[PDB]
Every structure is written in C-alpha cells, then in structure tokens.
Amino acid sequence: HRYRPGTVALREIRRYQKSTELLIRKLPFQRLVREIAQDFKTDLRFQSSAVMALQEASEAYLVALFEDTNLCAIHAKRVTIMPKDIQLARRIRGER
Amino acid sequence: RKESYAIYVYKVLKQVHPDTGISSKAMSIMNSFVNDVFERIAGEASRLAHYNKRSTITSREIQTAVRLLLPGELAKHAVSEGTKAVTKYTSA
Amino acid sequence: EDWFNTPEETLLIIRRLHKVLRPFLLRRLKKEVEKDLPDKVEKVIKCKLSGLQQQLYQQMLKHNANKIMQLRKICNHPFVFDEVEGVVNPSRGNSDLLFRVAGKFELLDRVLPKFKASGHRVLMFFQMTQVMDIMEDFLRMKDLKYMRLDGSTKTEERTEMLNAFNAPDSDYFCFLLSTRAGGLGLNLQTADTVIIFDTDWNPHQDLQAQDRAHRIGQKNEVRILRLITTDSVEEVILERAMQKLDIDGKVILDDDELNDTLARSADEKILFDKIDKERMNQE
Amino acid sequence: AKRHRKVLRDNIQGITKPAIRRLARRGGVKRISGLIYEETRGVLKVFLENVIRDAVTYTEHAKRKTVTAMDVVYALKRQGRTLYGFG
Amino acid sequence: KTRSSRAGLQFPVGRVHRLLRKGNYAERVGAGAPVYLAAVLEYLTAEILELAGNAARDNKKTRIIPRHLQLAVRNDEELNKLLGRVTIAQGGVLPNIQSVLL
Amino acid sequence: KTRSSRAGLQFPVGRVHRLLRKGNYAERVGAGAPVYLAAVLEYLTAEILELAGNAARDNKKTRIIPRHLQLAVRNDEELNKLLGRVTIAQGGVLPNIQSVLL
DNA sequence: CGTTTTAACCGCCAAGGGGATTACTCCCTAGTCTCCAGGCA
DNA sequence: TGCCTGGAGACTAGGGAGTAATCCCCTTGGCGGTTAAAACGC
C-alpha cells in the first residue's frame with residue numbers, strides 16, 4: 001500500500017513540529033565540533049554541556065533559516081527550497 | 001555555597017499556582033532569564049545615569065530603564081507595581 | 001581501604017586476608033590436577049622499529065605539541081592512514097616494505113616458514129582492530145589460510161568458525177583473535193603456538209589469552225611468544241605490566257636463536273635447515 | 001577489497017541526509033531539492049567556525065584548556081543570540 | 001528584619017542590592033532602586049510562571065517543562081517581542097503549517 | 001613629560017586612562033592597557049584616513065568628505081564587516097549596475 | 001518503499017590532566033602632594 | 001599667542017594578582033553488543 005507524495009511529508013512535519021527531539025546525532029556533531037576547533041587551537045578539551053549547547057544553538061539557527069527560506073520559496077510561488085532561496089535568506093538576515 | 005534564584009521562583013510559582021510544580025531544567029531557564037533581565041536593566045540604568053553625568057542609581061533610573069526595555073503593557077503595569085513597591089517600602 | 005591497599009605491613013595484612021578469605025576462593029594448577037603440561041612455556045621476544053617511527057618518537061613534533069594511543073598505533077605497524085599508503089605505495093597492494101617497516105613483521109616473516117614447515121597452528125591475540133586488517137592483508141600476501149575473528153563481527157558466524165577450526169584436517173594454520181573479545185570462547189585443543197601483540201595494560205586478559213594454548217588433553221608442546229618492541233612505549237608498557245604482576249604476586253633474530261626458541265627437538269632444526277637456507281639466499 | 005576496507009569518509013559528512021531532512025521538515029518545508037544539503041552543510045560549518053572561534057578565544061583568555069558551557073554561552077551572547085538552559 | 005517583607009515581595013532585596021553594588025554599574029546606589037528592580041523582576045517572573053502553568057494545564061501536565069515555557073513565551077506577543085532574539089533549549093518550534101502546504 | 005611620547009603614539013594615553021578610570025568599567029585599571037588601547041585606536045584611525053585619502057585622490061579631491069569615508073568603508077570588506085551595523089551621514093554606498101534588470 | 005548495510009547508543013575498561021581547591025608572597029596601582037607644559041580659547 | 005587645568009613626577013601601602021602545593025573528578029580513547037537508523041536502487 002503506497003501513498004501519493006506529500007502526505008507522509010506533512011505527517012513528518014507535524015510529528016517533528018510537535019516534538020522537541022534532537023534531529024542531529026551526538027557523536028557526529030561532537031566530532032565535527034572537535035575537527036573545527038582543531039583549526040583554531042590544538043589539544044583542546046570539551047565538556048558535554050558545551051557540545052550540547054553548541055548542538056542546540058546550531059539546530060535553532062538551522063530551523064530559523066529553514067523557516068526563512070521556506071517563506072522565501074513560497075514568495076516565489078514554489079514548494080521546493082533551492083540554494084538561491086537560502087542565499088537570499090542569509091543576505092536579507094545580514095548574516096552572510 | 002552557590003547562590004541562585006531557585007527558591008524565589010518556586011515561591012512565586014506556589015503563590016500563583018499551588019498545584020503545578022517545576023522541573024530543574026525549567027528552573028535553570030527561569031534563573032537565566034532573571035539574570036538576563038537583571039543585567040539588561042542594570043546596564044540601561046548605568047548608561048542612563050552616565051548620560052546625565054550622575055553617579056547615584058535611583059528609582060527614576062530603573063523606571064526609565066524598564067520603560068525603555070519592556071514594550072507596551074509589560075512596561076506600564078511593571079512601573080505601576082514598581083511604584084507600589086516603592087510606596088510600601090516608604091511605609092515601613 | 002586504608003589497610004587493604006597498604007601492601008611488616010604486607011605480611012600482616014596478607015596473613016589476615018588469608019585467614020579471612022580461605023572459605024571464599026578455590027584455585028588449582030594444571031600441574032596438580034592433570035600434570036599433562038609439557039613445559040612451563042612462556043616467552044618474550046624483543047624487536048626494533050624502523051627509523052621512520054624512531055624519529056617521530058624522539059622528536060614528538062606532532063605528539064608533544066591520545067599521545068599514548070597514537071604512539072601504540074605507530075609502534076604496532078605503519079600504514080594506518082590513507083596518506084601513508086599514498087606516499088609509500090600508491091598502488092595500495094601487497095608489495096615490499098610490508099614486512100620491513102616494523103620488527104614485528106620482520107619476525108613474522110622470519111618465523112612464518114617454520115610454522116608452515118612444522119604444521120603448528122598459531123593463534124595471534126590482538127588488542128587493536130586495524131592491526132587485524134593489516135595482519136589479514138599480510139597473510140593474504142603470504143598465501144596462508146587463516147581465520148578472522150573479532151568483537152561483534154557476527155552473531156552466529158562465530159559458531160561456524162569454531163566448528164571449522166575444530167575439524168581434524170583443517171587447512172587453516174593460523175587464526176587472529178581479539179584479546180578483549182576472547183572470554184575463553186574457544187577450546188583450542190588443536191593448536192600449540194601463541195602470539196601476543198599490543199601490550200594490553202590489563203595483565204588479566206593477557207594471561208587469559210595466553211592460557212588458551214594449554215587445554216586438557218593437548219599432546220603438542222606449547223609455545224607462546226610475546227612480541228615487544230624496544231626503546232619505545234611498548235617496552236615501558238611491558239615493564240609496567242611486570243610491575244603489576246609483581247604487585248599481584250602479593251595478593252592474588254638469528255636463525256639459530258629462532259630455531260632454538262621454536263624447535264622442540266633436533267628433528268625440527270633439521271626440517272628448518274631448509275628455511276634457514278632460503279633465508280640466507282634471500283638475504 | 002580483501003586487503004583493506006579503504007574507508008575515508010569525511011567528518012563533515014557526519015550530519016547525514018535524513019538529519020537535514022528532519023531539520024527541514026521541522027522548519028516547515030514540504031519538498032526539498034537535492035542541492036540543499038551541501039548549502040546547509042556549508043552554512044552550519046561557517047556558523048560553527050564563528051562560534052567555536054569566539055568560545056576558544058574566551059576560554060584562552062582565562063588560560064583554561066577546557067571549553068566549558070559558560071564560554072559557549074558568552075560566545076552566543078556576543079553575536080546577539082542568547083541561549084537559555086545552560087548557565 | 002528582611003526588607004523583602006517590608007516591601008511586600010518574595011524576591012531578595014538584599015541580594016539584588018548587593019549585585020547592583022558589586023556590579024560596578026555606578027559608584028552609588030539608592031534605596032529605592034533595589035526594591036523597584038525586584039518588583040519588576042517578580043512581576044515578570046509571576047507573569048511567565050502563570051502563562052507556563054496555564055500552558056501545562058492545557059497539556060494536562062502538572063510540571064512545567066521547557067516546552068511549556070517556549071509555548072508560553074511564543075503565544076504571548078509581548079514576551080515574544082521581548083525575548084525574540086533569545087533561543088530556548090529543548091523548546092522546539094511552535095506547530096505552524098502554511099496554507100499552501102496543506 | 002607625556003607618556004605618549006615615551007610610547008611613541010600621538011593619541012593621549014592620559015586621556016584614555018582618565019576615561020577608563022571615570023568610566024566605571026572596573027575597580028582598577030592597568031598601566032599598559034591605556035597605551036595598548038591608544039595604539040589600537042591610532043592604527044584604526046590611520047587605516048581609515050589612509051583609505052579616505054586614497055578614495056579622495058581617486059576622485060581628484062584635495063579634502064576628505066563623508067562621501068570619501070563612506071566609499072572607503074564600503075570598499076574594504078574588513079571594515080564593511082566591522083562597520084556593517086553603523087550608518088554614516090551623507091549616505092549612498094556603492095554605484096553598481098544589475099546585470100539582470102537591463 | 002524496499003532491501004542491504006553500519007554506524008550510533010548504552011555498557012564496560014583504564015589513565016592522567018587540568019580544574020579545581022589553600023597558603024604565601026609581592027609589587028602595581030590607588031591615592032596624596034607638588035610642579036608644568038600640552039591643549040584650549 | 002597667551003593662559004591654565006589636566007597631565008606628570010615622587011612617595012607610601014595594601015590588596016589583588018602571581019606562584020607554589022595539593023587532589024580528585026571530569027575527560028579522553030577503546031571495545032562489545034544490539035538495532036534503529038543510514039545507503040543504495042527502482
């Protein structure tokens with residue numbers, strides 16, 4: 001039994017907007033944080049609370065940017081976000 | 001020791017809702033919010049007293065600070081309550 | 001806690017602990033129950049690492065600037081990052097310098113012909129997992145059938161591998177086993193050769209892995225060799241393990257030399273004469 | 001390959017496609033193009049670079065070697081984005 | 001005899017006055033500024049706690065969680081305007097699907 | 001004898017020291033910090049005036065006007081990122097033609 | 001949506017390195033008084 | 001160009017900062033096992 005595209009997407013949207021679970025795994029994000037911090041200073045330790053706050057801030061910024069680019073794409077009478085949509089969102093927000 | 005605003009927020013909650021409790025995470029969030037508002041109002045009053053070449057932070061400075069930071073209704077009621085508190089502090 | 005960790009004092013504390021512990025732990029030795037142990041066999045063989053890693057150890061430009069783990073990985077074998085193969089051998093195949101970059105692999109190459117001629121199955125216990133892949137690649141280069149086991153490899157395949165190993169005429173003459181994953185999970189009644197790799201800071205699991213070669217009913221003389229590098233972290237780790245063993249005692253490359261170490265009789269030296277001649281020709 | 005697995009997966013690929021998909025679904029996006037992933041990965045990398053640089057400067061000013069939570073909180077507060085629930 | 005009881009508040013007037021003194025915001029601090037600041041703080045805290053309790057009772061929960069705080073601060077437009085630049089950990093986003101996507 | 005002459009800068013380190021003292025930024029202030037801050041300010045003003053003079057010479061003018069300062073700030077990407085939020089009188093930013101709206 | 005794969009999460013092992021502490025020292029900057037020349041009208 | 005007040009020099013001291021001594025807890029690195037999550041294909 002298959003569903004036409006769009007309904008499972010809406011179900012997942014509702015599920016994710018209702019819950020507050022983290023949409024990024026802990027270990028990959030922590031490894032990425034450590035890799036990025038290696039460029040600024042080597043042999044640096046990290047507390048679990050630090051990487052958790054980093055993950056929370058990153059997810060908040062990402063969902064805000066995704067809402068903004070969704071609004072920008074809807075303004076273009078489309079339902080598909082594009083790289084240029086995110087670029088316009090970042091240019092209007094000023095954090096380019 | 002380690003100072004915090006936990007017991008005061010808990011007492012306010014029990015004085016506004018006697019049944020619903022509060023968790024540790026929500027308590028820490030409320031403490032951080034209180035600290036943020038406190039530092040905002042303190043910096044506002046400091047720069048206001050500096051713009052007038054004053055050196056005494058008084059009720060007028062904090063009143064101007066809350067009128068500048070808190071928008072609309074959140075300001076008005078607040079300052080009213082503030083005035084009320086001040087008057088009560090003059091009672092005793 | 002104050003008195004138990006004190007070990008005059010060690011003698012008194014041990015006397016009291018024995019007086020109070022006698023009804024708790026039972027322990028017997030193989031030489032008392034069966035007396036079928038052909039030898040007290042235990043051997044440590046030392047080796048040296050190539051100058052390429054000695055320079056890194058002496059200078060520590062990328063270490064003193066994790067250090068212990070990286071030093072152990074370097075001492076184990078090279079070619080642990082893609083850049084190492086890209087620089088040394090861009091083909092990433094089986095070629096030269098595979099058995100020369102480390103004394104462990106030089107010893108392995110020198111002793112593989114004796115294991116092949118003699119027919120003694122060899123179990124090699126490993127602490128790291130990439131070293132097991134490097135050993136698999138080396139054994140594939142040597143065209144020697146071997147068994148590969150590791151932790152959480154497969155739920156049921158371990159039983160099939162154990163059944164295949166237990167065959168009376170199995171064509172596999174070696175197997176690689178993770179030290180931590182051992183758990184006495186294999187009854188090695190058809191082998192008498194043991195190789196000890198990375199240093200295993202816990203002597204408990206080292207002794208557990210070594211004891212596998214002494215199952216009841218074994219007819220072949222057991223030979224257990226531990227390959228330790230010198231002038232490096234491995235030697236210090238071995239010394240620390242020896243100190244830990246001494247503490248526990250209070251509570252709980254020449255052809256002729258390798259032949260004398262590995263041979264059980266003059267007939268084995270006679271057989272290995274051909275291996276010695278081939279080694280001389282290769283040198 | 002019998003010789004070696006030859007796995008060189010980059011650390012930036014840790015955030016996988018379903019993660020970005022869930023993030024977009026939470027953001028309210030119905031259909032997502034295939035080029036969004038690299039763009040949002042670059043944006044996340046730039047944001048993390050900035051925040052980590054600020055936090056590293058903050059923790060280095062105090063001579064400490066451990067990046068604590070208060071350092072990241074101050075780094076976020078500097079950029080005009082206050083985070084709650086961590087100090 | 002604590003000044004909070006005299007002023008009629010639940011927040012520590014002495015602690016607020018000490019924080020104002022040792023904060024180097026100025027060289028002198030009056031006597032009405034601490035009680036006024038404590039009044040504003042307790043008013044804001046009472047409003048937020050009342051909204052969070054209402055949100056939790058709507059969600060048949062008797063313990064306030066960060067989700068309830070997020071819902072209470074984002075429902076009220078005033079606090080949303082005040083704390084618009086402030087993110088809340090474990091608060092998520094409010095459910096809002098566009099008409100063109102339904 | 002002025003300490004600025006000993007340090008080698010033209011900005012008055014004494015004025016910066018007095019401002020940091022009476023500015024209520026801390027309870028005590030160091031002796032090298034005012035010189036450091038004065039040097040930073042001197043370097044910043046030197047860069048700004050150099051870019052403004054270059055812009056004026058490019059526009060064939062013998063004086064620096066707010067237009068030249070705006071052009072010098074908006075041309076350099078470093079100062080543009082630094083001075084992005086601040087607006088300057090006598091505006092206008094960059095003469096540029098859009099290739100899509102011909 | 002399916003089928004195949006595999007890395008993330010909870011659980012264990014070990015160690016050592018900064019982040020905590022407290023105690024002693026010490027010299028930098030806060031004054032206070034006396035000149036004076038760089039900055040202002 | 002002329003005038004003066006903010007700036008500077010000499011003396012005093014005490015408290016905040018630097019340095020040594022102490023220790024344990026949080027972190028780092030690794031492995032086992034399971035399985036829900038990630039990858040590839042139509």
# chains A, B, ... in the order shown; residues from 1 in each chain; ligands from 1

call {"tool": "residues_around", "arguments": {"residues": "range 40-52 of chain B", "least_positions_apart": "5", "cutoff": "9 Å", "atoms": "only C-alpha atoms (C1' of nucleotides)", "output": "MDAnalysis selection string"}}
result
(chainID B and resid 35 57:58 60:66 68:69) or (chainID E and resid 20 23:26 37) or (chainID F and resid 23)

call {"tool": "residues_around", "arguments": {"residues": "residue 11 in chain H", "least_positions_apart": "5", "cutoff": "12 Å", "atoms": "only C-alpha atoms (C1' of nucleotides)", "output": "MDAnalysis selection string"}}
result
chainID G and resid 31:34

call {"tool": "write_last_selection", "arguments": {"atoms": "N, CA, C and O atoms (P, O5', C5', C4', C3', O3' and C1' of nucleotides)", "output": "PDB file, in the first residue's frame"}}
result
ATOM      1  P    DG G  31      41.467  55.365  45.185  1.00  0.00           P
ATOM      2  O5'  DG G  31      42.238  56.679  44.694  1.00  0.00           O
ATOM      3  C5'  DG G  31      42.332  57.817  45.547  1.00  0.00           C
ATOM      4  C4'  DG G  31      43.561  57.729  46.435  1.00  0.00           C
ATOM      5  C3'  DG G  31      44.050  59.066  46.988  1.00  0.00           C
ATOM      6  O3'  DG G  31      43.619  59.228  48.333  1.00  0.00           O
ATOM      7  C1'  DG G  31      45.856  57.610  46.294  1.00  0.00           C
ATOM      8  P    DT G  32      43.170  60.674  48.866  1.00  0.00           P
ATOM      9  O5'  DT G  32      44.545  61.483  48.993  1.00  0.00           O
ATOM     10  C5'  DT G  32      45.531  61.067  49.931  1.00  0.00           C
ATOM     11  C4'  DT G  32      46.779  61.925  49.823  1.00  0.00           C
ATOM     12  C3'  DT G  32      46.527  63.397  49.474  1.00  0.00           C
ATOM     13  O3'  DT G  32      47.195  64.240  50.406  1.00  0.00           O
ATOM     14  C1'  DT G  32      48.186  62.476  48.059  1.00  0.00           C
ATOM     15  P    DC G  33      46.870  65.814  50.450  1.00  0.00           P
ATOM     16  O5'  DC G  33      48.168  66.492  49.808  1.00  0.00           O
ATOM     17  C5'  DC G  33      49.443  66.291  50.409  1.00  0.00           C
ATOM     18  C4'  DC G  33      50.561  66.593  49.426  1.00  0.00           C
ATOM     19  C3'  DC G  33      50.538  68.005  48.831  1.00  0.00           C
ATOM     20  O3'  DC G  33      51.622  68.770  49.347  1.00  0.00           O
ATOM     21  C1'  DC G  33      51.050  66.322  47.194  1.00  0.00           C
ATOM     22  P    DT G  34      51.814  70.304  48.909  1.00  0.00           P
ATOM     23  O5'  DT G  34      52.765  70.223  47.625  1.00  0.00           O
ATOM     24  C5'  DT G  34      54.041  69.600  47.728  1.00  0.00           C
ATOM     25  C4'  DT G  34      54.694  69.464  46.363  1.00  0.00           C
ATOM     26  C3'  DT G  34      54.821  70.768  45.567  1.00  0.00           C
ATOM     27  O3'  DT G  34      56.126  70.868  45.005  1.00  0.00           O
ATOM     28  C1'  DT G  34      53.765  69.123  44.256  1.00  0.00           C
TER      29       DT G  34
END

call {"tool": "residues_around", "arguments": {"residues": "residue 10 in chain F", "least_positions_apart": "3", "cutoff": "12 Å", "atoms": "only C-alpha atoms (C1' of nucleotides)", "output": "list in words"}}
result
residues 2, 3, 4, 5, 6, 7, 13, 14, 15, 35, 38, 39, 40, 41, 42, 43, 45 and 46 of chain F; 38 of chain G

call {"tool": "calpha_fit_and_write", "arguments": {"fixed": "chain F", "moving": "chain E", "output": "PDB file with C-alpha atoms, in the first residue's frame"}}
result
ATOM      1  CA  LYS E   1      56.495  64.538  30.256  1.00  0.00           C
ATOM      2  CA  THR E   2      53.596  63.081  28.281  1.00  0.00           C
ATOM      3  CA  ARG E   3      53.391  59.298  27.998  1.00  0.00           C
ATOM      4  CA  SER E   4      52.340  59.456  24.334  1.00  0.00           C
ATOM      5  CA  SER E   5      55.862  60.523  23.354  1.00  0.00           C
ATOM      6  CA  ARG E   6      57.383  57.764  25.500  1.00  0.00           C
ATOM      7  CA  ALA E   7      55.133  55.136  23.911  1.00  0.00           C
ATOM      8  CA  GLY E   8      55.642  56.684  20.472  1.00  0.00           C
ATOM      9  CA  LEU E   9      52.005  57.486  19.669  1.00  0.00           C
ATOM     10  CA  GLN E  10      49.957  60.487  18.570  1.00  0.00           C
ATOM     11  CA  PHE E  11      46.840  59.652  20.656  1.00  0.00           C
ATOM     12  CA  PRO E  12      46.465  60.970  24.225  1.00  0.00           C
ATOM     13  CA  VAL E  13      47.400  58.198  26.648  1.00  0.00           C
ATOM     14  CA  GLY E  14      46.353  60.314  29.627  1.00  0.00           C
ATOM     15  CA  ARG E  15      42.920  61.093  28.198  1.00  0.00           C
ATOM     16  CA  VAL E  16      42.332  57.422  27.358  1.00  0.00           C
ATOM     17  CA  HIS E  17      43.398  56.398  30.867  1.00  0.00           C
ATOM     18  CA  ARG E  18      41.077  58.995  32.412  1.00  0.00           C
ATOM     19  CA  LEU E  19      38.155  57.819  30.268  1.00  0.00           C
ATOM     20  CA  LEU E  20      38.882  54.224  31.293  1.00  0.00           C
ATOM     21  CA  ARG E  21      39.000  55.233  34.966  1.00  0.00           C
ATOM     22  CA  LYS E  22      35.870  57.402  35.129  1.00  0.00           C
ATOM     23  CA  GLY E  23      33.916  55.028  32.874  1.00  0.00           C
ATOM     24  CA  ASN E  24      33.215  52.599  35.745  1.00  0.00           C
ATOM     25  CA  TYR E  25      34.269  49.668  33.559  1.00  0.00           C
ATOM     26  CA  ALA E  26      36.234  48.297  36.529  1.00  0.00           C
ATOM     27  CA  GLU E  27      37.645  49.396  39.874  1.00  0.00           C
ATOM     28  CA  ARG E  28      41.313  49.331  38.801  1.00  0.00           C
ATOM     29  CA  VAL E  29      43.106  49.947  35.502  1.00  0.00           C
ATOM     30  CA  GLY E  30      46.653  48.869  34.690  1.00  0.00           C
ATOM     31  CA  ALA E  31      49.337  50.912  32.973  1.00  0.00           C
ATOM     32  CA  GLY E  32      49.569  48.895  29.745  1.00  0.00           C
ATOM     33  CA  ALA E  33      45.856  48.952  28.982  1.00  0.00           C
ATOM     34  CA  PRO E  34      45.726  52.693  28.087  1.00  0.00           C
ATOM     35  CA  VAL E  35      48.750  52.547  25.771  1.00  0.00           C
ATOM     36  CA  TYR E  36      47.457  49.329  24.179  1.00  0.00           C
ATOM     37  CA  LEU E  37      44.002  50.815  23.586  1.00  0.00           C
ATOM     38  CA  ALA E  38      45.544  53.998  22.181  1.00  0.00           C
ATOM     39  CA  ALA E  39      47.677  51.868  19.853  1.00  0.00           C
ATOM     40  CA  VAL E  40      44.633  50.000  18.531  1.00  0.00           C
ATOM     41  CA  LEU E  41      42.707  53.261  18.123  1.00  0.00           C
ATOM     42  CA  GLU E  42      45.534  55.013  16.277  1.00  0.00           C
ATOM     43  CA  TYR E  43      46.071  51.985  14.020  1.00  0.00           C
ATOM     44  CA  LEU E  44      42.388  51.895  13.063  1.00  0.00           C
ATOM     45  CA  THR E  45      42.318  55.669  12.546  1.00  0.00           C
ATOM     46  CA  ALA E  46      45.461  55.572  10.392  1.00  0.00           C
ATOM     47  CA  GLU E  47      44.056  52.763   8.239  1.00  0.00           C
ATOM     48  CA  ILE E  48      40.725  54.534   7.730  1.00  0.00           C
ATOM     49  CA  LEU E  49      42.419  57.872   7.012  1.00  0.00           C
ATOM     50  CA  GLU E  50      44.783  56.265   4.490  1.00  0.00           C
ATOM     51  CA  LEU E  51      41.879  54.587   2.695  1.00  0.00           C
ATOM     52  CA  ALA E  52      39.905  57.848   2.706  1.00  0.00           C
ATOM     53  CA  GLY E  53      42.882  59.763   1.323  1.00  0.00           C
ATOM     54  CA  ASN E  54      43.336  57.204  -1.444  1.00  0.00           C
ATOM     55  CA  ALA E  55      39.628  57.431  -2.288  1.00  0.00           C
ATOM     56  CA  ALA E  56      39.775  61.239  -2.337  1.00  0.00           C
ATOM     57  CA  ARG E  57      42.865  61.234  -4.565  1.00  0.00           C
ATOM     58  CA  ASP E  58      41.062  58.839  -6.910  1.00  0.00           C
ATOM     59  CA  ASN E  59      38.211  61.378  -7.000  1.00  0.00           C
ATOM     60  CA  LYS E  60      40.779  64.215  -7.478  1.00  0.00           C
ATOM     61  CA  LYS E  61      39.696  65.747  -4.153  1.00  0.00           C
ATOM     62  CA  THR E  62      42.147  67.061  -1.557  1.00  0.00           C
ATOM     63  CA  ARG E  63      39.569  67.266   1.263  1.00  0.00           C
ATOM     64  CA  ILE E  64      37.971  64.165   2.763  1.00  0.00           C
ATOM     65  CA  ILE E  65      34.165  64.200   2.804  1.00  0.00           C
ATOM     66  CA  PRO E  66      31.692  61.703   4.316  1.00  0.00           C
ATOM     67  CA  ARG E  67      31.258  60.257   0.812  1.00  0.00           C
ATOM     68  CA  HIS E  68      34.954  59.343   0.735  1.00  0.00           C
ATOM     69  CA  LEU E  69      34.680  57.782   4.200  1.00  0.00           C
ATOM     70  CA  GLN E  70      31.688  55.708   3.075  1.00  0.00           C
ATOM     71  CA  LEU E  71      33.505  54.577  -0.072  1.00  0.00           C
ATOM     72  CA  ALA E  72      36.620  53.650   1.912  1.00  0.00           C
ATOM     73  CA  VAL E  73      34.708  51.715   4.572  1.00  0.00           C
ATOM     74  CA  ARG E  74      32.543  49.873   2.022  1.00  0.00           C
ATOM     75  CA  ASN E  75      35.348  49.003  -0.413  1.00  0.00           C
ATOM     76  CA  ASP E  76      37.514  47.273   2.193  1.00  0.00           C
ATOM     77  CA  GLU E  77      35.719  44.080   3.203  1.00  0.00           C
ATOM     78  CA  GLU E  78      37.264  44.084   6.691  1.00  0.00           C
ATOM     79  CA  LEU E  79      35.933  47.484   7.770  1.00  0.00           C
ATOM     80  CA  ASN E  80      32.673  46.684   5.969  1.00  0.00           C
ATOM     81  CA  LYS E  81      32.306  43.603   8.174  1.00  0.00           C
ATOM     82  CA  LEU E  82      33.276  45.642  11.243  1.00  0.00           C
ATOM     83  CA  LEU E  83      30.994  48.646  10.599  1.00  0.00           C
ATOM     84  CA  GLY E  84      28.236  46.791   8.747  1.00  0.00           C
ATOM     85  CA  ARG E  85      25.539  47.789  11.242  1.00  0.00           C
ATOM     86  CA  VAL E  86      26.684  51.442  11.312  1.00  0.00           C
ATOM     87  CA  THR E  87      25.136  53.952   8.916  1.00  0.00           C
ATOM     88  CA  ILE E  88      26.994  57.104   7.858  1.00  0.00           C
ATOM     89  CA  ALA E  89      25.255  60.439   7.345  1.00  0.00           C
ATOM     90  CA  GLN E  90      25.672  62.020   3.896  1.00  0.00           C
ATOM     91  CA  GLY E  91      27.415  58.897   2.625  1.00  0.00           C
ATOM     92  CA  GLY E  92      24.791  57.436   0.317  1.00  0.00           C
ATOM     93  CA  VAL E  93      25.110  53.977  -1.202  1.00  0.00           C
ATOM     94  CA  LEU E  94      27.775  52.618  -3.518  1.00  0.00           C
ATOM     95  CA  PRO E  95      26.752  52.397  -7.206  1.00  0.00           C
ATOM     96  CA  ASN E  96      25.798  48.789  -7.950  1.00  0.00           C
ATOM     97  CA  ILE E  97      23.406  47.942 -10.796  1.00  0.00           C
ATOM     98  CA  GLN E  98      22.277  44.348 -11.235  1.00  0.00           C
ATOM     99  CA  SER E  99      23.056  42.435 -14.418  1.00  0.00           C
ATOM    100  CA  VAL E 100      19.357  41.720 -15.019  1.00  0.00           C
ATOM    101  CA  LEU E 101      18.657  45.479 -14.981  1.00  0.00           C
ATOM    102  CA  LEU E 102      21.386  46.523 -17.443  1.00  0.00           C
TER     103      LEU E 102
END

call {"tool": "select_by_dssp", "arguments": {"residues": "chain B", "states": "alpha helix (DSSP H)", "output": "JSON, numbers by chain"}}
result
{"B": [6, 7, 8, 9, 10, 11, 12, 13, 14, 15, 16, 24, 25, 26, 27, 28, 29, 30, 31, 32, 33, 34, 35, 36, 37, 38, 39, 40, 41, 42, 43, 44, 45, 46, 47, 48, 49, 50, 51, 59, 60, 61, 62, 63, 64, 65, 66, 67, 68, 69, 73, 74, 75, 76, 77, 78, 79, 80, 81, 82, 83, 84, 85, 86, 87, 88, 89, 90, 91]}

call {"tool": "atom_distance", "arguments": {"atom1": "CA of residue 35 in chain A", "atom2": "CA of residue 49 in chain D"}}
result
10.0 Å

call {"tool": "atom_distance", "arguments": {"atom1": "CA of residue 91 in chain A", "atom2": "CA of residue 33 in chain D"}}
result
20.0 Å

call {"tool": "interface_residues", "arguments": {"of": "chain D", "to": "chain C", "cutoff": "10 Å", "atoms": "only C-alpha atoms", "output": "compact mmCIF listing (two decimals) with N, CA and C atoms, in the first residue's frame"}}
result
# COMPACT_ATOMS: atom_id res chain seq x y z
N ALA D 1 37.30 -4.96 -1.01
CA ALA D 1 38.71 -5.32 -1.11
C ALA D 1 39.15 -6.14 0.10
N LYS D 2 39.80 -7.27 -0.16
CA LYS D 2 40.27 -8.13 0.92
C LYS D 2 41.43 -7.49 1.68
N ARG D 3 42.25 -6.70 0.98
CA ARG D 3 43.42 -6.10 1.62
C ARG D 3 43.01 -5.13 2.72
N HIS D 4 42.09 -4.22 2.42
CA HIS D 4 41.66 -3.22 3.39
C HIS D 4 40.30 -2.68 2.98
N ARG D 5 39.56 -2.17 3.96
CA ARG D 5 38.25 -1.60 3.69
C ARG D 5 38.35 -0.31 2.88
N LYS D 6 39.40 0.48 3.11
CA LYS D 6 39.64 1.73 2.40
C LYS D 6 38.45 2.69 2.56
N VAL D 7 38.18 3.04 3.82
CA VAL D 7 37.10 3.95 4.18
C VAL D 7 37.73 5.28 4.60
N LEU D 8 37.36 6.35 3.89
CA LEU D 8 37.92 7.68 4.15
C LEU D 8 36.83 8.73 4.35

call {"tool": "select_by_dssp", "arguments": {"residues": "range 24-70 of chain D", "states": "strand (DSSP E)", "output": "NGL selection string"}}
result
:D and (31-32 or 66-67)

call {"tool": "atom_distance", "arguments": {"atom1": "CA of residue 75 in chain C", "atom2": "CA of residue 207 in chain C"}}
result
21.9 Å

call {"tool": "residues_around", "arguments": {"residues": "range 51-62 of chain D", "least_positions_apart": "5", "cutoff": "6 Å", "atoms": "only C-alpha atoms (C1' of nucleotides)", "output": "ChimeraX atom specification"}}
result
/D:71-72,75

call {"tool": "residues_around", "arguments": {"residues": "range 16-27 of chain H", "least_positions_apart": "5", "cutoff": "8 Å", "atoms": "only C-alpha atoms (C1' of nucleotides)", "output": "number ranges by chain"}}
result
A: 45-47
